[PDB]
Ligand SMILES: *[C@@H]1O[C@H](CO)[C@@H](O)[C@H](O)[C@H]1NC(C)=O
């Protein structure tokens, strides 16, 4: 049983591919083997993505795992919908209901808005990056109307990096007109470190400031720098290293040879990579539920040209979708479940705060229970008041 | 398909339209295949070669008009159809010129029950007693709002 | 260490008691805010040194 699948990995996704390989090994069975056809292309380039898709389609694949950018996302969602091809991706969730797309990344929009109310914020700065779509930006802006917030949104993305200093100085110059002390960083693991470094340089990392890293990888970045500064830093973590499941994964991951497995000799793992590993498990359980369900879907490498007109969708694809979307297993990113569209449901996102001793989970966020705080209260706080005795005498 | 079809037919230039979703496809192919693409649609957010845009950039004219009326606090109802290029414009300028902009995506409003949404829309535009609104929409979405 | 604990912001004043003020890296505590003074024996403004 040889199931051929496509793999679209953006140049530079070393740890992601390394995690993709480890998944192939951990979830390899005798019942059937997955044959990944890897294609390293510039994910941003829409044209290239189109070729890589039609190429993997002519090779006759049953499913495709890859990534997309804010620019190429429309290409994938469109083709996969027309050709009834299933596309599994750890990338940011699609802004809508696009069929034949499985998204490993849970929606953070909800967890973010809940955290803001927890700290009871009414006026804050929102530094965003247009890389993962303004889906979360619209979220905070729309909620700013209802909850009545004074949000200062600033696109920290289009900043040219070969002279990006007179821009940051002019950035926190506007964030001083209103004396902004509460900032939300909605950026990638990289753009965050750049900002964090600048923050320390200008000294805006001392007590009084409060930063919120708007990503699923709070511990993915270096925090040792703004850890002793004084400013409170909060964020979100999807990979709970306290789970015996994840703890066991790291035990083998941290030992792997960094030569064969690039950027894999660490005690931690980027949430993007962790989702890639969980993606393999989903594809395995999906193709397995098709064998046990007595469903024939097999074909050959003659699907033909994807530009074929009229384009006829192979009916066997409809079943492959109902398989992946029906999958429900336990992975590094907590309980994995899907709806009819492909968006993850019944998941859990741990809310993190950065203390002196390091990061610490102060609670979690459920799509049905909102935010729920867990034990951690430093009870008490010198509450030991003073007992004053007195007599009733006018 | 329509692009590759017209390309196989051996054309010298292509005139058409694109959406916020298909725009990347056109700009990419036309750049790779060195095919010229003339379009009246919204200008591309960047410098994409082999693309001729008939529509001038309104971003500039809008910002200038705001200062003319001397606006400091206004509501900005936008539609994600023509890209948030102008939205980013007013938001970025809101930092410099110090404006209190209330941006609201009036696009994702489902039209088969779009009434309890408008009532809840001007309910938020009443918390701050917004009297100055900017409608960044198509000729159609504008009439709906105006009505 | 000063930068780490954040004692390099406005309000602090350091004096480097050596003849090599520009000999060390100052780009780090340069934008901090705290005033830093010192001593220089090698004048790079002299045509001789230049
Ligand atoms: C929802 O998720 C929880 C936590 O993983 C799980 O225990 C439960 O079975 C799920 N609910 C259903 C009905 O699938």
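Residues 25-398, 405-424, in that order, are what chain A shows, numbered as in Swiss-Prot.
The header says electron microscopy, 7.8 Å.
Heads up, the Cβ atoms here are built off N, Cα and C, so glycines get one too.
Going by Swiss-Prot, these are the annotated features:
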- A:78-A:330: disulfide bond (DISULFID)
- A:370: N-linked glycosylation site (CARBOHYD)
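All protein chains shown were included, and the count of other CB atoms within 10 Å of the CB of residue A:78 (disulfide bond) stands at 17.
Mapped onto three states, the DSSP output places residue A:78 (disulfide bond) in helix. On the backbone, the CA of the residue listed as 'N-linked glycosylation site' and the CA of residue A:330 (disulfide bond) stand 36 Å apart. DSSP assigns residue A:330 (disulfide bond) to coil in the three-state reduction, outside any helix or strand.
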